[PDB]
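Below is one structure, written out as structure tokens; comments come after it.
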RNA sequence: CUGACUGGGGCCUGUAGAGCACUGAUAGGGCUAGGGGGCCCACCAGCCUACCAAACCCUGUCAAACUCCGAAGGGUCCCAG
RNA sequence: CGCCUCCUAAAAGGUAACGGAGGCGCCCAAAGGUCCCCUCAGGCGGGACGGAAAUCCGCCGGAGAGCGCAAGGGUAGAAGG
RNA sequence: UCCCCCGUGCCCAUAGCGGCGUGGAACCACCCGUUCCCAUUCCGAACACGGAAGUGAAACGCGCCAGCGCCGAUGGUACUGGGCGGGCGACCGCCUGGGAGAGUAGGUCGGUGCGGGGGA
RNA sequence: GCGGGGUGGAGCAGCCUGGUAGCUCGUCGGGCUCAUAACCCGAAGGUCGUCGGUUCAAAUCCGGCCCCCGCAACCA
Ligand SMILES: NC(=[NH2+])NCCC[C@H](N)C(=O)O
Ligand SMILES: [Mg+2]
Ligand SMILES: [Mg+2]
Ligand SMILES: [Mg+2]
Ligand SMILES: [Mg+2]
Ligand SMILES: [Mg+2]
Ligand SMILES: [Mg+2]
Ligand SMILES: [Mg+2]
Ligand SMILES: [Mg+2]
Ligand SMILES: [Mg+2]
Ligand SMILES: [Mg+2]
Ligand SMILES: [Mg+2]
Ligand SMILES: [Mg+2]
Ligand SMILES: [Mg+2]
Ligand SMILES: [Mg+2]
Ligand SMILES: [Mg+2]
Ligand SMILES: [Mg+2]
Ligand SMILES: [Mg+2]
Ligand SMILES: [Mg+2]
Ligand SMILES: [Mg+2]
Ligand SMILES: [Mg+2]
Ligand SMILES: [Mg+2]
Ligand SMILES: [Mg+2]
Ligand SMILES: [Mg+2]
Ligand SMILES: [Mg+2]
Ligand SMILES: [Mg+2]
Ligand SMILES: [Mg+2]
Ligand SMILES: [Mg+2]
Ligand SMILES: [Mg+2]
Ligand SMILES: [Mg+2]
Ligand SMILES: [Mg+2]
Ligand SMILES: [Mg+2]
Ligand SMILES: [Mg+2]
Ligand SMILES: [Mg+2]
Ligand SMILES: [Mg+2]
Ligand SMILES: [Mg+2]
Ligand SMILES: [Mg+2]
Ligand SMILES: [Mg+2]
Ligand SMILES: [Mg+2]
Ligand SMILES: [Mg+2]
Ligand SMILES: [Mg+2]
Ligand SMILES: [Mg+2]
Ligand SMILES: [Mg+2]
Ligand SMILES: [Mg+2]
Ligand SMILES: [Mg+2]
Ligand SMILES: [Mg+2]
Ligand SMILES: [Mg+2]
Ligand SMILES: [Mg+2]
Ligand SMILES: [Mg+2]
Ligand SMILES: [Mg+2]
Ligand SMILES: [Mg+2]
Ligand SMILES: [Mg+2]
Ligand SMILES: [Mg+2]
Ligand SMILES: [Mg+2]
Ligand SMILES: [Mg+2]
Ligand SMILES: [Mg+2]
Ligand SMILES: [Mg+2]
Ligand SMILES: [Mg+2]
Ligand SMILES: [Mg+2]
Ligand SMILES: [Mg+2]
Ligand SMILES: [Mg+2]
Ligand SMILES: [Mg+2]
Ligand SMILES: [Mg+2]
Ligand SMILES: [Mg+2]
Ligand SMILES: [Mg+2]
Ligand SMILES: [Mg+2]
Ligand SMILES: [Mg+2]
Ligand SMILES: [Mg+2]
Ligand SMILES: [Mg+2]
Ligand SMILES: [Mg+2]
Ligand SMILES: [Mg+2]
Ligand SMILES: [Mg+2]
Ligand SMILES: [Mg+2]
Ligand SMILES: [Mg+2]
Ligand SMILES: [Mg+2]
Ligand SMILES: [Mg+2]
Ligand SMILES: [Mg+2]
Ligand SMILES: [Mg+2]
Ligand SMILES: [Mg+2]
Ligand SMILES: [Mg+2]
Ligand SMILES: [Mg+2]
Ligand SMILES: [Mg+2]
Ligand SMILES: [Mg+2]
Ligand SMILES: [Mg+2]
Ligand SMILES: [Mg+2]
Ligand SMILES: [Mg+2]
Ligand SMILES: [Mg+2]
Ligand SMILES: [Mg+2]
Ligand SMILES: [Mg+2]
Ligand SMILES: [Mg+2]
Ligand SMILES: [Mg+2]
Ligand SMILES: [Mg+2]
Ligand SMILES: [Mg+2]
Ligand SMILES: [Mg+2]
Ligand SMILES: [Mg+2]
Ligand SMILES: [Mg+2]
Ligand SMILES: [Mg+2]
Ligand SMILES: [Mg+2]
Ligand SMILES: [Zn+2]
Ligand SMILES: [Zn+2]
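Protein chains in written order, with the entry's author numbering: chain 1m, 2 to 117; chain 1S, 3 to 112; chain 10, 8 to 84; chain 1Q, 1 to 141; chain 1G, 2 to 182; chain 14, 1 to 69; chain 16, 2 to 54; chain 1Z, 103 to 203.
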């Protein structure tokens, strides 16, 4: 559980390895490599402990990650669901939120089909 | 509501009285170690010996052996010869064992 | 009409065989019992089925020691 | 109607009906009582029939205390069989009742209302009865 | 006996502060640490793994002490458990090892917990003891990612000579137990 | 203790990611940890880490007060 | 006794005579019994072996 | 003395006087003629306890304050007879002996 | 002279009666997990129950195979007629 | 249809009915001998996966547990582990 | 012979639960260590050894309180050996000898034998 | 009285030997056909008549009760 709570994949390039962390995509990965001055093409199994402790310290302090980010996403939905807004209804019936059709498809929000 | 100590004490003593001999019971405290030979038929102590009453010295093991000999000497003088060793809650080992071996050395029969 | 009952077992003739004040000889059976209703006392042994028998010639005595149970003794003559 | 919900043993030896009541001989709940004057096995059918009589009398109101319960199983061999071939079958339950016991008590009803209800119920019982009211003698028990 | 950080802290900062906050008329009335009993309730080693010695070896690193086995007191159908089956581990840490474990637990382990928002204040015995639970054994420093095959947490029991919860609450926080409320 | 069945405890040095060094005893003399009590946000008073936001919603609009009145 | 709980003899390994009869469970204890028993012939304790009854 | 006429009694209910007196430690010179109790606030089916007993000077309760003392209960009704009669009863099961018990 | 029977003395016993401490039964009330039902909700709980009711407590009871108790008697040994 | 346990059996023992109720026709190489330790069920509270019940901690708990199998007697001052 | 403590029995809850109080000179205990004897299905917790800085906090000993537990009369009664009456019965009475249980009044926060250590 | 059964909607296994509910049909979804039957490819549904008990655990062993099948009910 090195940085930041997740133990990033060794033997892989340091830029992609960061994407395996909740809160970090390729974008925030390209950022933390300049802002800490580390070579994006090197493997994590080849990171200097100096390079490590800097990348770690920066990323945990600049962005909200793992459990906390999951916490606000939950908190954001919890309120939408509680105020009684439409965005909340769709979260309470587990139906598609973003105005898609529900006659067909919508299989990712509902789950596998329940035939009749 | 009894304790492992009480039960252990009881269990080994009942076993001794059953054989009906005079019993050489041994109390062993943190500093001292006493010993009396009792007739449970009459509820009477017959001969006594202790470190506290013999004002004895340093190593508790070596001390015990001495109170053991003390008991035996006073014992045979009274006609007591054979006797049964009540090890109480104490494992026959170290201080207590030494007290016994001393009583034996002194000519006590057990 | 029939019954599933009808069985029973041979009576085992248990109990005290010598009462207090009675003279017994070495080996006389004193109490026949299941478990220890009476417990072996002075000069009294116990057999593998809790049988109380006099160890010496003498006279029987009973004593009830409260929470310790009842005991049977043979007093030497 | 009144019967045990379960029991250790299914059939019971008949026993005897000697002597005055063991207990339950004093008023203890209501205002007025009905007391048995002679011994009997009082059947569950009778108890219930004696109860219904009283509640029917009150129409609405009053409270009925039933101080006897039929826990004794009543046995009877099938019709026209011969002796032997075991014990009979259970056909009902009775409550053993010896002289002096308060069987029924009423409360929360006028005196003449209690006198009549206990009398009527008295007629559904296979024994002689006596109507009684609460005394200090009852209070002292 | 080894002088250790958390132990010395007990006698120097924790000991006095308690006599202040509660006013004891005797030196023994003050709260002491009795024993820390660590239990791995496992039971994942019932039929499947007769081999759970990895967890014993793991607990042996964490506490510098080899655990004993706990076995099933009675057979149970639903847990696929027959009477006498080996389902857990339990090591009793007393004295200097008790301190050393708590010291590393307080300064290193509890922090390394995923989303650690403080120990639960309400997990208090009522009789003045405390119990807490961990979901991973990677929480401890001696355990690298390499030497772990599969995740397994534990129960931690901390016994106190204190009579009441409040006295117990104080002793541990003073020693460095972080609570959420 | 029983001999030969127990891991040997010796003087140890747990090194944290803030550079902190912990004087303790362990089965391994050197250890490197990513966090400790001296730099963990819950421990260090109340380090808001990255979320010093202050909700921010719902009155956090104020975009703006230019509507007519 | 039964089909699985058999009866057996014990033979004094020294003089080869049978001195004891007893039982065992040949599913639980499939190995031939070895036990020290007093042999009246040899007039001393001796290892006795299970032998077919 | 149960002073007052309960509201349950107005609804047809019945006041069951569980304790028609109460056990009390007291001086001989200090014996009350009675003790009043307000039952006027009793509904079907509410109840008072010895705790709710407001005592004269020098008298002390000798029973558990938890001890119930009076209650108001529903009355007999003929309307209950029909549904009470319609209640069919299953046979008395047997507590068994042996390989069943 | 040891006999039936009788006087005294010890010891053994679990019935009559009674009791509810155990095993079960049991009426009512109290208190209170569980359901049922209604206002109320799906967003996870509330709240009220003239409903069925666990454990516990109180009042009142039942039992050959229940007994915290427990006689009158009865059995046996000793001394005596 | 023989054997074991309880009741009937009237407080010694014994006592019948096609009276009320259950069991046996095995088993254990340790479930045996001895020595040395250990003490239950259950209740409340506390503890990752863990649940009414898995394992751990605390307090209360004379025995209601356990003792291979029916029942009774017995039993932690062990006959139980 | 009187007081306190450490042993060991007896009586077998009038001796117990709970509450409060008190004792460390001595004795006991916890206590200080784990080198050595010996020990932990792990743990010097227990058993054990070597000690004597501390404390009577836990334990234990001694007192006090009747909330619970335990003991419990007298009186009456049930029942009954034996002798008699009554009813068709279920059942009911009388004489004589024996006499409960529940409950009531009340009792109880132990008594005592032997041996040691200390005190008067 | 004696023997034998009660398990998806129907009819039968599983029971004797405790842990593991199976086969045909029917049913729902989809194929082929203009459509339909047949046919092909998928899926659902039994807490085992009950109430009790033994056991770690019961469709399974044991007991009570309900229901159905078969045989018997003779000399009189
Ligand atoms: N003293 C006696 N033993 N009396 C016997 C009592 C029973 C007797 N049949 C009666 O009715 O009175
Ligand atoms: Mg990511
Ligand atoms: Mg769209
Ligand atoms: Mg739409
Ligand atoms: Mg004496
Ligand atoms: Mg029939
Ligand atoms: Mg038959
Ligand atoms: Mg016979
Ligand atoms: Mg025989
Ligand atoms: Mg016979
Ligand atoms: Mg018999
Ligand atoms: Mg007898
Ligand atoms: Mg023998
Ligand atoms: Mg005598
Ligand atoms: Mg004698
Ligand atoms: Mg009739
Ligand atoms: Mg009849
Ligand atoms: Mg005929
Ligand atoms: Mg007949
Ligand atoms: Mg009949
Ligand atoms: Mg009838
Ligand atoms: Mg009656
Ligand atoms: Mg009439
Ligand atoms: Mg009464
Ligand atoms: Mg200290
Ligand atoms: Mg708490
Ligand atoms: Mg504590
Ligand atoms: Mg790790
Ligand atoms: Mg003569
Ligand atoms: Mg004669
Ligand atoms: Mg004679
Ligand atoms: Mg005579
Ligand atoms: Mg006599
Ligand atoms: Mg009777
Ligand atoms: Mg009862
Ligand atoms: Mg009562
Ligand atoms: Mg009766
Ligand atoms: Mg009765
Ligand atoms: Mg009987
Ligand atoms: Mg009886
Ligand atoms: Mg008595
Ligand atoms: Mg008594
Ligand atoms: Mg008598
Ligand atoms: Mg006589
Ligand atoms: Mg003569
Ligand atoms: Mg035979
Ligand atoms: Mg008999
Ligand atoms: Mg008899
Ligand atoms: Mg009998
Ligand atoms: Mg008789
Ligand atoms: Mg005879
Ligand atoms: Mg063994
Ligand atoms: Mg055996
Ligand atoms: Mg054995
Ligand atoms: Mg428990
Ligand atoms: Mg729990
Ligand atoms: Mg949980
Ligand atoms: Mg649990
Ligand atoms: Mg038992
Ligand atoms: Mg069986
Ligand atoms: Mg003493
Ligand atoms: Mg006390
Ligand atoms: Mg003090
Ligand atoms: Mg001192
Ligand atoms: Mg001092
Ligand atoms: Mg060493
Ligand atoms: Mg040395
Ligand atoms: Mg060793
Ligand atoms: Mg120590
Ligand atoms: Mg010790
Ligand atoms: Mg103290
Ligand atoms: Mg002690
Ligand atoms: Mg004290
Ligand atoms: Mg007093
Ligand atoms: Mg009394
Ligand atoms: Mg009297
Ligand atoms: Mg008569
Ligand atoms: Mg009479
Ligand atoms: Mg009379
Ligand atoms: Mg008289
Ligand atoms: Mg009395
Ligand atoms: Mg007391
Ligand atoms: Mg004494
Ligand atoms: Mg003296
Ligand atoms: Mg003296
Ligand atoms: Mg038939
Ligand atoms: Mg079917
Ligand atoms: Mg078959
Ligand atoms: Mg099978
Ligand atoms: Mg289709
Ligand atoms: Mg067309
Ligand atoms: Mg088609
Ligand atoms: Mg069943
Ligand atoms: Mg079981
Ligand atoms: Mg079942
Ligand atoms: Mg199954
Ligand atoms: Mg059946
Ligand atoms: Mg013919
Ligand atoms: Zn740090
Ligand atoms: Zn030979």
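Each residue gets a CB set at the ideal place from its N, CA and C atoms; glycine is no exception.
Problem - Residues near residue 76 (chain 1Q) by beta carbon distance below 6 Å, same chain, minus five either side - result: 88 and 91
Exercise for the section: Answer yes or no: does any C-beta atom of chain 1G fall closer than 8 Å to that of residue 2 (chain 1m)? Expected result: yes
Practice task
State whether the segment 142-151 of chain 1G contacts the segment 23-36 of chain 14, with contact taken as three or more CB pairs (one from each stretch) at a distance under 8 Å.
Solution key: yes
Practice task
Use the C-beta contact count for residue 77 (chain 1m): other C-beta atoms within 10 angstroms, 16 or more gives buried, fewer gives exposed.
Solution key: exposed
Handout entry: Stretch-stretch touch, CB-based, cutoff 8 Å, three pairs: the segment 52-60 of chain 1Q with the segment 118-134 of chain 1Q
Key = yes
Handout entry: Cα-Cα separation, residue 34 (chain 16) to residue 136 (chain 1G)
Key = 51 Å
Exercise for the section: Taking only beta-carbon positions, decide if residue 37 (chain 1m) is within less than 8 Å of chain 14. Expected result: no
Exercise for the section: Just tell me which of 110 (chain 1Q), 105 (chain 1Q), 141 (chain 1Q) and 140 (chain 1Q) has its CA closest to the CA of residue 130 (chain 1Q). Expected result: 105 (chain 1Q)
Handout entry: Any non-hydrogen atom of ligand 12 within 7 Å of residue 22 (chain 10) CB
Key = yes
Exercise for the section: Tell me whether residue 64 (chain 1G) is buried or exposed, calling it buried when 16 or more other Cβ atoms sit within 10 Å of its Cβ. Expected result: buried
Practice task
Give a yes or no on whether the minimum CB-CB distance between residue 115 (chain 1G) and chain 1m is below 8 Å.
Solution key: yes
Exercise for the section: Determine the direct distance from the alpha carbon of residue 14 (chain 1G) to that of residue 27 (chain 1G), and round the result to whole angstroms. Expected result: 18 Å
Problem - First through last residue of the beta strand (DSSP E) which encompasses residue 52 (chain 10) - result: 51-53
Practice task
For residue 88 (chain 1S), count neighbouring Cβ atoms within 10 angstroms of its own Cβ and tell me buried if that reaches 16, exposed if not.
Solution key: buried
Practice task
Can you tell me which of the three DSSP states residue 58 (chain 1G) falls into?
Solution key: helix
Exercise for the section: Evaluate the contact criterion for the segment 14-21 of chain 1m versus the segment 31-47 of chain 1m: three or more CB pairs, one atom per stretch, below 8 Å. Expected result: yes
Problem - Paired residues, beta bridge with residue 75 (chain 1Q) - DSSP - result: 90 (chain 1Q)
Practice task
Give a yes or no on whether the C-beta atoms belonging to residue 103 (chain 1Q) and residue 68 (chain 1Q) are separated by under 8 Å.
Solution key: yes
Problem - Straight-line Cα distance separating residue 78 (chain 10) from residue 71 (chain 10) - result: 6 Å
Problem - Buried or exposed (CB count within 10 angstroms, at least 16 for buried), residue 1 (chain 1G) - result: With chain 1G covering 2 to 182 only, the question about residue 1 (chain 1G) has no answer from this structure.
Handout entry: Nearest-angstrom Cα separation, counted from residue 75 (chain 10) out to residue 110 (chain 1G)
Key = 57 Å
Practice task
Can you give me the start and stop residues for the alpha helix (DSSP H) that residue 110 (chain 1m) sits inside?
Solution key: 108-111
Handout entry: Status (buried if at least 16 other CB within 10 Å, exposed otherwise) for residue 98 (chain 1G)
Key = buried
Exercise for the section: For residue 108 (chain 1G), go through chain 14 and note every residue whose CB falls closer than 7 Å to its CB, in chain order. Expected result: 22, 36 and 37
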